[PDB]
Amino acid sequence: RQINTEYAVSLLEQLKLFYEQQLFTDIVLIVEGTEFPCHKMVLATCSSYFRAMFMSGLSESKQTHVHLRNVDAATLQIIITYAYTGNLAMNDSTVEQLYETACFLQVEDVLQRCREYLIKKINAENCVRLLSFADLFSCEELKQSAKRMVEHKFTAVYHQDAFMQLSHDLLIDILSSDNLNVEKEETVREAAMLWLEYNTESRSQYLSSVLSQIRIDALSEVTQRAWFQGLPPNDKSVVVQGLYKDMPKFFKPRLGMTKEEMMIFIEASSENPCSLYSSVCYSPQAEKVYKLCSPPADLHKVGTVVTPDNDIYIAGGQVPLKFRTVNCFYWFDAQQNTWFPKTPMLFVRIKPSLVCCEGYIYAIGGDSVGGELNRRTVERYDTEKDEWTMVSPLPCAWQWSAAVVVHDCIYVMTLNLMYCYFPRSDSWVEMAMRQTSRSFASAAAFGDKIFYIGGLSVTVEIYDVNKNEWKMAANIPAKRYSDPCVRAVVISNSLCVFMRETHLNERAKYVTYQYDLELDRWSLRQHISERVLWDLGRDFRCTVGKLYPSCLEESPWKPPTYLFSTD
Amino acid sequence: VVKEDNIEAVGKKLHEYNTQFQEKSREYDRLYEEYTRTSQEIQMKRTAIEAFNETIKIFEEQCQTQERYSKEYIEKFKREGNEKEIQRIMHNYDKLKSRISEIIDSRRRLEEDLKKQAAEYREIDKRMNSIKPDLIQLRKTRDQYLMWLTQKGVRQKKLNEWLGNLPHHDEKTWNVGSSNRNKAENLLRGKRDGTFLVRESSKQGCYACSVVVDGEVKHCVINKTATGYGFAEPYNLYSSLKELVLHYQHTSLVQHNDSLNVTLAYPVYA
Amino acid sequence: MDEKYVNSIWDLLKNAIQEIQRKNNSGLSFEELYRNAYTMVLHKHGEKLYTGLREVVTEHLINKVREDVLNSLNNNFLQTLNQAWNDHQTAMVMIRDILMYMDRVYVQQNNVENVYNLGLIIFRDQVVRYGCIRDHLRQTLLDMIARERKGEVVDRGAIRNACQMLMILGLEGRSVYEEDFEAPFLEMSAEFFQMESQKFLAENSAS
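Chains as they are written, first to last, in the entry's author numbering: chain A, 7 to 328, 344 to 477, 496 to 606; chain G, 436 to 600, 616 to 720; chain C, 25 to 231.
Here you go:
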C-alpha cells in the first residue's frame with residue numbers, strides 16, 4: 007500500500023494555514039534582528055542542520071529563541087516557504103545567496119534544485135563567477151560545467167574582471183587544460199600576464215607556476231608554416247588529427263588550434279536503418295566525413311543557424327507522436358558532441374528561419390498557416406537573459422522562405438517580393454522585388470551581396504544591399520533530365536554551392552563549385568566522391584561552421600571502393 | 436554434376452554450391468573493405484610519421500638555435516650572477532631534450548604499431564591470394580551448371596530463391627517512385643504477363659503504370675482529375691494510388707486499350 | 025581569513041569537543057560550533073581539521089579508555105568495556121552531527137572515511153586491537169562460554185553486547201569478527217566437541 011496523496015496535500019495546506027496565523031510556534035529564529043516563529047518539526051524534516059540541532063537534546067531543543075548568524079532573512083524566508091509549500095521561486099538575481107544558505111542548512115531538495123538551475127543557466131557572462139562560486143562551495147558538477155564553458159569561450163571571457171580575481175588553483179587548472187578555445191598561444195600568454203599583473207604584491211611568488219603552465223616550446227601550427235604546405239590537397243587537417251593526438255600533453259596544441267571548417271549537414275538522410283534522419287559533417291580541407299549525435303530527441307524539421315562566433319543552434323520541429346510540434350531550443354557542445362536544451366520557444370514552429378543578428382537569434386516564420394495575426398509571428402531569443410521576446414511579425418504569410426543577415430540587418434525573401442527588417446526600428450520595409458517567382462530556394466549572405474539560388496531550373500540572382508537592385512549573374516551548371524538540388528553556403532571566405540544531382544538511372548552525385556563575383560563565372564572547386572558520403576536526401580539543411588574533428592566522432596559508415604572488377 | 440540425373444536431388448547440388456559461392460562474395464567484398472581501410476590507415480600513418488620527422492628536424496633546428504643564442508645575446512645574461520633570466524633558454528633546453536627523448540619513444544611506438552598492423556594485414560592478404568583462385572574456380576563450376584543443370588527444369592525465380600537464402619497492399623512493392631520509361635522496361639525485362647510497376651510519367655505531375663502485356667512493357671500514363679486518378683476519363687475518380695488503384699487492378703478494364711485485359715497481378719518487387 | 029583567527033577557531037573547537045567528551049555538553053551552543061566549522065572548511069582549511077579530529081579523539085581514547093577498562097581487566101571488565109563503548113558512540117554521534125558538513129564536502133574529496141567511520145576505526149585499533157586488552161578479552165570470552173557450556177549461568181547481555189560491538193567494528197560485516205573472536209572460538213569449540221565425544225562414546229550406547 008502506497009502512502010495517501012490527497013490526505014498528504016490536505017495536511018500540508020492545513021499546516022500552511024496554521025503557520026500563516028502563527029499557531030503552535032515553538033521555535034523563534036533571530037536573523038539580524040528579524041524574528042521568525044516556526045515549528046521545529048518542519049525545519050527538521052526539511053533541513054538536516056535543524057534536525058541535528060534539535061535531536062541533540064541540548065538547550066537548543068529547549069530554548070525557544072535561536073540566533074542564526076551569517077544567514078540572509080530573505081533566503082531563510084524562501085527556505086521556510088519551500089518547507090511549508092514545496093515550491094522554490096528561484097531567480098537569476100538571488101540564486102547564489104539562496105544556494106549558499108541552502109548549503110548551510112543542507113536542504114537536499116533545495117540544494118539539488120539550485121544546482122540544476124545554475125547548471126542550466128551558465129551563459130557567456132556568469133561562467134567565471136559561477137566557476138569561482140562552485141570552487142568556493144565545492145560543487146563538482148557546477149564546477150565542471152563552468153570549467154567547460156570557460157574552456158569553450160576563453161578568448162571571450164578572459165577580459166572580464168572576474169577572471170583576474172580568480173584563485174591560484176583555478177588558474178593552474180584552467181591554463182593546464184588542453185580545451186582552451188584559442189587560435190594562438192599568444193592569447194593565453196597575454197591572459198596569464200594580465201592575471202599576474204592584476205595583483206603583483208600577492209602573486210609575485212606564483213610567477214613560476216604561471217610560466218610553467220603556458221606552453222612556450224609547443225610550436226603547434228607554426229612548424230608547418232616553416233617547412234612548407236607541401237602535401238595532398240589541404241592535408242594540414244591530417245597533421246591535426248595525428249600530431250595533436252599523440253602528444254605528452256605539455257606541448258599539446260590546444261583545442262582551439264584544432265577546430266576545422268566543416269559543412270554541417272543536419273536531417274541528412276542516413277543509411278542507418280534506426281536513425282535515417284541523422285546528421286553528418288564534411289571537411290573540405292580534410293576530404294573526410296564525421297558522424298554527429300545531433301538528434302537529442304530523435305526529431306526533425308528543425309532549422310540551423312551559425313553565429314559569427316561559430317555557435318550551432320536548432321529550434322522548432324516536431325517529435326513523432328508518442344507528430345506533436347514542440348518549442349525546445351538546443352545548443353551544440355562542440356567538445357562533448359551533445360546538445361544542451363535551453364529555454365523553449367513561445368510558439369511552436371516547423372523549420373523556422375533562424376538567423377543571428379546583433380547577437381540575437383531570430384525565429385522567422387517556419388510554421389503552418391494558422392490565424393491571420395496568429396501566424397507570421399517573429400520571435401527572438403536573448404543569449405544572456407535566456408528569454409524570448411516578440412517582435413514585429415511578418416507582413417504576409419509566406420512558405421519556404423529563406424532568411425539572411427547583412428550589416429546587422431534582417432532580410433527575408435519570398436516568391437517575388439522582399440522585406441528588410443531593422444531591429445533599431447522594429448519595422449518591415451518592402452524592398453526591390455525579384456523578376457522571377459520561385460520557391461524552395463536557398464540563400465546565403467556574402468558581403469553586401471545577397472545570393473538567391475533555387476526555384477524547383497536554377498538561376499543565380501544577385502541583390503545589392505548598397506544599391507537595392509537585383510542583377511542576374513548566371514545559371515548553375517547542371518542537368519535538366521535528372522534531378523537537381525543545390526545548397527548555397529559560404530566557406531573559406533568564398534561563396535559556394537553544394538549541388539546534389541541525381542541523374543537518370545544513376546545514383547546521386549555530389550560536387551562543390553566556386554563562384555567568381557568579379558568575372559561572374561562558376562568554377563569547379565572540388566568533386567565530393569561517395570567514398571565516405573551517401574544519399575543525404577533533399578530536405579537536409581546545410582550550413583558552415585568550425586568543429587573539432589579531434590573528439591567529434593569517428594565512423595566511416597561507407598566503404599571507399601567496392602569495384603568487383605575481377606570479371 | 437557427379438554423373439547425376441534425378442533433376443530434383445541434382446538441383447539440391449545447385450543450391451549447395453549456391454550458398455558456398457555466395458559466402459565467398461561476402462568475404463570477398465569484406466576483404467576488399469579491409470584492403471581499403473588498411474590503405475587509408477597506412478596513408479594516415481605515413482603522413483603522421485613524416486610530420487613526426489619534420490617536427491624532429493625543426494626541434495634540432497631549435498637545438499642549434501640554442502647554440503646560436505650562446506653567441507648572439509648570451510653575453511648579457513650569464514656574467515651578471517643571475518639564473519632566473521637565463522631560464523628563457525636554459526630551462527627551455529633540458530625540457531626540450533626530454534621532449535626529444537619522448538618523441539623518439541613515440542616514434543618507436545608508431546613504428547611498432549606500423550609493423551604490427553602490417554603483420555595483421557599481411558596474414559590476411561596472403562589469404563586473398565589463396566582464396567581468389569579457389570573463388571574463380573568455383574565460379575567456373577557454377578557457369579558449367581548454368582549450361583546443363585539449369586536447363587533441366589529449374590526456373591530463374593527458383594535460382595533467385597536459392598541465391599537469396616496481397617503484395618499489392620504494400621505500396622513500395624510496385625511503386626518505383628520517379629522511375630523513367632527506360633528503368634521500367636529494364637525492371638520488366640524477361641517478366642511474366644501481369645508484372646507491373648507504378649513510376650512517374652515523363653509528363654511532370656502524372657504517373658505511369660508500365661506492365662508486361664504479351665511480352666511487351668506498355669507504359670500507361672495515369673491521369674488526375676478533381677474526382678481522382680484514372681487511365682481514360684469516364685472512370686477518373688481513384689481516391690489515391692491505393693484503394694481505387696488496386697480496384698482497377700481487379701477490374702482490368704479493356705475499354706482503355708485492346709491489350710489491357712491482363713490484370714496487374716505481380717508487383718515488380720513481389 | 026587570518027591564520028591566527030583560524031587557529032583561535034580551532035582552539036575553541038578543541039575546547040568544545042573536549043568538554044563534550046567529558047559528558048558535560050549541556051551548556052554548549054551548537055550554533056557556534058557548526059558555524060565555526062563551516063567556516064573552517066570554507067576557508068580552504070579542510071584537513072587540519074581532519075587530522076586534528078583524529079588526534080584529539082585518539083588521545084582521549086588512549087588516556088581515558090586504557091585507564092578505565094585496564095584497571096577493570098581484573099574486574100568488571102566487560103561492564104566498563106561496553107560502558108566506554110556506548111559513551112564513545114554517543115560522543116562520536118554528537119561530533120558527527122556537529123561536523124556533518126565536513127562529512128558532506130571534504131570526505132568525498134580525498135576519498136577518506138567519514139568521522140564516524142574514522143572514530144570506529146581508531147576505537148577498534150587503538151582501544152580494541154591493542155596487545156594487553158586483546159588477549160584479556162578473548163580469554164574472558166572463552167572462559168565465560170566454557171562455563172556456559174558446563175552449566176554455569178552467565179549474563180548473556182554482556183556477551184551479546186560484546187559480539188554486536190565486535191561485528192559493528194567491522195564497518196562492512198564480519199571481517200574483524202572472523203579474526204578477533206571467530207578464529208579462537210572455532211578451534212576451542214572443535215577441541216571441546218572432540219573431548220566430549222571421546223568422553224561420551226567410551227561408556228555410553230548409541231541409544
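Each residue gets a CB set at the ideal place from its N, CA and C atoms; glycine is no exception.
| For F461 (chain A), which residues of its own chain have a beta-carbon under 6 Å away from its beta-carbon, when the five flanking residues on both sides are left out? | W421, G475, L477
| Pairwise C-alpha distance: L165 (chain C) and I183 (chain C) | 7 Å
| task | Could you tell me how far apart the beta carbons of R221 (chain A) and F169 (chain A) are, in whole angstroms, since I believe they sit closer than 8 Å? | result | Rounded, the Cβ-Cβ distance is 19 Å, inconsistent with contact.
| said: Once the 5 residues before and after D92 (chain C) are set aside, which same chain residues still bring their CB inside 6 Å of it? | reply: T104, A108
| Close beta carbons around residue 612 (chain G), own chain, < 8 Å, minus the five adjacent residues each side | Coordinates for residue 612 (chain G) are lacking, as chain G steps from 600 to 616 with nothing built in between.
| By DSSP, does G262 (chain A) sit in helix, in strand, or in coil? | Helix at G262 (chain A).
| request: Give the residues of chain D in contact with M479 (chain G), contact being defined as C-beta atoms less than 9 Å apart. | output: No chain D is present in this structure, whose protein chains are A, G and C.
| Would you report the Cα separation of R557 (chain G) and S594 (chain A), rounded to the nearest angstrom? | Each residue's Cα considered, the two are about 24 Å apart.
| request: Answer yes if the stretch 59-72 of chain A comes into contact with the stretch 18-27 of chain A, meaning at least three C-beta pairs across the two stretches below 8 Å, and no otherwise. | output: no
| Just how far apart, CA to CA, sit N49 (chain C) and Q118 (chain A)? | If I take the Cα positions, the gap works out to 34 Å.
| Residues from the stretch 534-559 of chain G in contact with chain A, defined by Cβ distance under 9 Å | Residues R534, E537, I538, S541, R544, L545.
| said: Quick check on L172 (chain A): does DSSP put it in helix, strand or coil? | reply: coil
| Between the C-alpha atoms of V412 (chain A) and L217 (chain A), what's the straight-line distance to the nearest angstrom? | 50 Å
| query | In the structure shown, what three-state DSSP assignment does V30 (chain C) receive? | reply | helix
| When DSSP labels each residue in this structure, what does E540 (chain A) get in the three-state scheme? | Three-state result, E540 (chain A): strand.
| Of the residues A:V188, A:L176, A:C109, which one's Cα is nearest the Cα of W201 (chain A)? | A:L176
| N673 (chain G) (DSSP reduced to helix, strand or coil) | strand
| query | Which residue's Cα is closest to the Cα of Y502 (chain A): A:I471, A:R445, A:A513? | reply | A:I471
| message | Taking CB distances under 8 Å as the criterion, tell me whether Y467 (chain G) reaches chain A. | response | yes
| request: Decide if the stretch 451-460 of chain G is in contact with the stretch 497-512 of chain G; the criterion is three or more beta carbon pairs, one per stretch, under 8 Å apart. | output: no
| Assumed close pair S463 (chain A), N437 (chain A) - CB separation to whole angstroms, cut-off 8 Å | Their Cβ separation, rounded to whole angstroms, is 17 Å, which puts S463 (chain A) and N437 (chain A) out of contact at 8 Å.
| Minimum length 3: unbroken beta strand (DSSP E) runs contained in the stretch 625-675 of chain G | 645-650, 657-663, 666-674
| field | Run of the beta strand (DSSP E) containing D354 (chain A), from where it starts to where it stops | value | 350-354
| query | Are the stretch 27-37 of chain C and the stretch 620-632 of chain G touching, with three or more C-beta to C-beta distances below 8 Å? | reply | no
| said: Less than 7 Å between C-beta atoms, sequence neighbours within five positions excluded: which residues of the same chain meet that for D184 (chain A)? | reply: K255, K258, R260, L261
| task | Quick one: which unbroken beta strand (DSSP E) runs of 3-plus residues sit fully inside the stretch 241-299 of chain A? Chain order, please. | result | The stretch 241-299 of chain A contains these whole beta strand (DSSP E) runs: 266-272, 285-289, 294-298.
| Can you find a C-beta in chain C that's less than 8 Å from the C-beta of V188 (chain A)? | no
| message | Is there a C-beta anywhere in chain G that falls below 8 Å from the one on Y601 (chain A)? | response | yes
| Should the stretch 704-718 of chain G be called in touch with the stretch 661-675 of chain G, which here means at least 3 C-beta pairs below 8 Å? | yes
| said: Taking beta-carbon pairs under 7 Å, can you tell me which members of the stretch 482-493 of chain G lie near chain A? | reply: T482, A483, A486, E489, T490, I493
| request: My understanding is that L195 (chain C) touches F205 (chain C), with C-beta atoms under 8 Å, so please give their C-beta distance in whole angstroms. | output: About 16 Å separates the beta carbon of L195 (chain C) from that of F205 (chain C), a gap too long to meet the 8 Å contact definition.
| Grouping DSSP H, G and I as helix and E and B as strand, with all else coil, what is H45 (chain A)? | coil
| request: Using beta-carbon positions only, say whether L193 (chain C) and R148 (chain C) come within less than 8 Å of one another. | output: yes
| request: Alpha carbon to alpha carbon, how far is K47 (chain C) from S65 (chain A)? Give it in angstroms, no decimals. | output: 15 Å
| task | Please go through the same chain and pick out, in chain order, the residues whose beta-carbon is closer than 8 Å to the beta-carbon of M253 (chain A), but skip the five residues on each side of it. | result | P259
| task | Examine the Cβ distances between the stretch 384-401 of chain A and the stretch 365-372 of chain A and report whether three or more of them are shorter than 8 Å. | result | yes
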